[PDB]
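Scroll down for the structure; my scribbles are underneath it.
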Amino acid sequence: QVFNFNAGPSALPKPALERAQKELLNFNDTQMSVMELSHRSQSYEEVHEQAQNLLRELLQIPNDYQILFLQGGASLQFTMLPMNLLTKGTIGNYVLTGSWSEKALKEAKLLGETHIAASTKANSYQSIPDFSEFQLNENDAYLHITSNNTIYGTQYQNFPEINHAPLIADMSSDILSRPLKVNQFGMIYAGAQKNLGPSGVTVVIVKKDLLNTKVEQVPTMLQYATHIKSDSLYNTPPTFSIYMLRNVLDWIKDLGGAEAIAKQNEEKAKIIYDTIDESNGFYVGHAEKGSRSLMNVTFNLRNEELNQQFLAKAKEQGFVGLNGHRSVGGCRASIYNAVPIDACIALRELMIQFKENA
Amino acid sequence: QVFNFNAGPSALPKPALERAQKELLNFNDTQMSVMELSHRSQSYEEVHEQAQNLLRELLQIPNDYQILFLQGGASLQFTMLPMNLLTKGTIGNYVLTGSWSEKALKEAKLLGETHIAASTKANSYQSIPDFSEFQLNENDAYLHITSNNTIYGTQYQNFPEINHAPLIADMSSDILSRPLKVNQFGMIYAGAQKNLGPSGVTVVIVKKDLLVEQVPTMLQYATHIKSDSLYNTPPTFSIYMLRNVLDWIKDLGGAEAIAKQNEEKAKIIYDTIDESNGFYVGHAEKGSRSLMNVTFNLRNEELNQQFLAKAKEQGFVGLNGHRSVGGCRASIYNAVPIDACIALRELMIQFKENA
Ligand SMILES: *Cc1c(COP(=O)(O)O)cnc(C)c1O
Ligand SMILES: *Cc1c(COP(=O)(O)O)cnc(C)c1O
Ligand SMILES: [Cl-]
Ligand SMILES: [Cl-]
Ligand SMILES: [Cl-]
Ligand SMILES: [Cl-]
Ligand SMILES: [Mg+2]
Ligand SMILES: [Mg+2]
Ligand SMILES: [Mg+2]
Ligand SMILES: [Mg+2]
Ligand SMILES: [Mg+2]
């Protein structure tokens with residue numbers, strides 16, 4: 001028995017993988033793998049377009065937004081965003097809700113003026129700040145948020161209404177886990193490898209008229225305009241990763257889309273949070289209740305010996321990935337879209353038995 | 001029958017793909033796909049390291065070089081290189097031998113002073129320039145070359161001895177198609193999708209001591225050197241597939257063995273051109289002919305199109321020349337089998353006979 005709670009890359013839906021396996025050598029009757037095709041072939045172009053069209057349908061992306069498939073991870077977006085929008089005289093304004101927020105801010109600092117609109121750093125990132133706390137500037141180039149703080153296990157419940165500057169979000173660890181009002185945002189980005197399949201592609205949803213203009217001085221590959229104009233085919237795309245993304249999106253659609261996956265995600269999170277909350281303090285969640293993530297459940301036992309013993313027992317029992325991020329310790333159960341509910345049931349049973357036997 | 005002459009992405013070895021298929025759902029008895037592993041897992045780290053190790057073995061890469069696995073393609077390397085090495089008061093010196101050389105030069109021009117050491121652009125990139133012609137500067141940051149000019153079908157036969165600045169090569173379309181003396185270079189880079197693997201990873205071989213205040217973290221070579229290409233999430237499946245391809249090259253006997261195969265493949269196509277009494281004409285001067293991309297045309301555009309149509313009908317994929325130049329291009333990277341080249345010859349001979 002294996003229970004895959006990996007935090008990134010992570011569990012994929014089996015039908016996406018079974019589909020890939022079956023056609024790995026002969027895709028679309030071509031007698032070639034999708035990995036062996038030109039990105040200008042009809043067979044690949046169909047995949048590339050269908051991945052865009054599925055994202056558009058599933059997230060209800062408006063027609064004045066474009067979907068980009070880029071290399072480099074979310075980490076490259078931390079620099080590409082300020083390179084394109086943080087112009088002289090303006091400010092990259094950041095809401096700090098975890099380590100990934102900090103990493104995004106650091107890159108902007110290398111390129112221009114920055115600001116902290118709000119932060120829960122002083123309290124170790126246990127919550128999302130109230131929107132009334134946000135300190136905004138008239139010359140903000142953007143306001144950047146991290147929707148799901150993967151290391152700390154906290155998540156935005158809803159999103160602020162920002163009118164003075166575009167709202168930008170790193171949605172790497174919760175994109176397409178629930179319905180989204182895309183028109184609240186100027187840009188959304190996500191490495192695919194948490195909730196959308198493959199590592200090696202980053203999905204960037206951009207309001208076209210904010211970013212389709214040449215930016216003086218910026219290298220060709222680092223301009224959003226390059227990728228918008230070329231439909232993410234300026235250079236050779238990560239064709240297998242985009243194919244796998246397509247397959248995962250087909251699965252999300254098949255299961256009922258964003259609304260259906262939100263229902264599933266709420267149920268399997270509740271299995272784990274109820275286990276914590278019924279444990280009389282034997283397990284302690286990091287997040288405040290009102291900010292608990294549906295995607296990454298972070299917790300500790302009462303001391304580090306017990307944390308070690310629990311994690312060792314989990315590994316013995318077939319659980320993969322439960323060690324917390326190195327920077328914070330404890331435990332982290334990553335329960336992205338494709339993690340099956342019976343893995344969560346199994347984790348509950350492990351947690352109850354370990355408590356009882358301690 | 002399908003014959004895959006695609007120019008990038010390209011044919012992969014059947015054993016590498018079959019291996020990937022067999023274990024796609026259960027890698028190394030983990031009951032997970034390699035795609036479902038954490039990149040901080042021992043399971044993935046072993047694969048990552050093995051890909052590096054096989055490259056090191058196969059190319060005989062000295063210990064004072066590091067092997068990086070990056071995202072962004074060779075095209076991102078066109079900017080990342082000058083971003084790291086083209087410092088104030090220095091020159092990015094380029095040898096132009098085709099369109100890919102021009103694209104690299106263009107990105108350096110945005111970031112600092114550039115220069116053209118030598119160029120065969122005036123004669124439509126039919127040859128590699130004589131090294132004795134290179135115009136070098138004391139303050140060169142580097143000398144950049146393109147080892148195989150993928151669109152023009154020309155290739156360096158050997159490499160210049162440069163010691164005033166590091167020699168840097170875009171080897172996208174010929175890396176690990178033959179032995180190399182890596183000590184001639186300060187840096188080699190290649191998108192994987194011609195000779196090494198699927199698209200989505202870029203191999204960068206860099207002299208460690210060669211390689212920056214103000215450069216974004218992801219765009220510093222130092223970041224990736226210090227983190228062993230695990231600073232952020234790597235393209236795990238692409239690196240796995242690279243490993244599988246490298247195991248296939250090793251199993252057939254390594255770089256000398258693949259070179260012999262590639263020389264035989266190329267010989268079949270060039271002999272067919274040369275024996276055709278001018279019905280097929282190669283673009284490249286004989287002395288510069290590529291072993292990786294064979295470029296040619298028929299005597300007029302109507303016949304070019306007729307030939308390409310017939311090829312497509314008979315199962316050949318990818319033979320249309322690059323749009324910028326027209327004609328035909330047979331890409332015969334490592335994993336393109338000799339039987340496909342034989343088949344292309346036989347098509348070419350029949351086509352001429354029926355013309
Ligand atoms: C993992 C993650 C990242 C980093 O993504 P890479 O693709 O590894 O660069 C950034 N942001 C968040 C919220 C993440 O979870
Ligand atoms: C294919 C090619 C490139 C472009 O590679 P991308 O991965 O598409 O950026 C660069 N240089 C040469 C010589 C090529 O053949
Ligand atoms: Cl975080
Ligand atoms: Cl993380
Ligand atoms: Cl070229
Ligand atoms: Cl090309
Ligand atoms: Mg369906
Ligand atoms: Mg089950
Ligand atoms: Mg030529
Ligand atoms: Mg072997
Ligand atoms: Mg002869």
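Start at 1 and go down the list; that is how both ligands and their atoms are numbered. Chain letters run A, B, ... following the sequence lines, proteins first and then strands; every chain starts at 1.
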Quiz item: Is the NZ or CZ atom of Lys194(A) positioned over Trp100(A)'s six-membered ring, under 6.0 angstrom from the centre and within 45° of the axis?
Solution: yes
Exercise. For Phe69(A), check ring-ring contact (aromatic ring centres under 6.0 Å, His included) against everything at least two apart and list the hits.
Key: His48(A)
Self-check item: side chain to side chain donor-acceptor pair (under 3.5 Å) involving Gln71(A) - partner list, sequence neighbours excluded
Solution: none
Exercise. Kindly assign one of parallel, tilted or perpendicular to the pair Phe237(B) and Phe240(A), based on the angle between their ring planes and the thresholds 30° and 60°.
Key: parallel
Practice problem: Using a cut-off of 2.8 Å, find all protein N, O or S atoms closer to the Mg ion (ligand 10) than that distance. | Solution: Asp251(B) OD1
Quiz prompt | The single option from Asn28(A), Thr30(A), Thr239(A) passing side chain to side chain contact (heavy atoms under 4.5 Å, CB included) against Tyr44(A) | solution = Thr239(A)
For a quick test of your reading: what N or O donor-acceptor pairs under 3.5 Å do the side chains of residues 123-133 of chain A make, sequence neighbours left out?
unit_1	atom_1	unit_2	atom_2	d
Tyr125(A)	OH	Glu102(A)	OE2	2.6
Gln126(A)	NE2	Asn123(A)	O	2.9
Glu133(A)	OE2	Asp130(A)	N	3.1

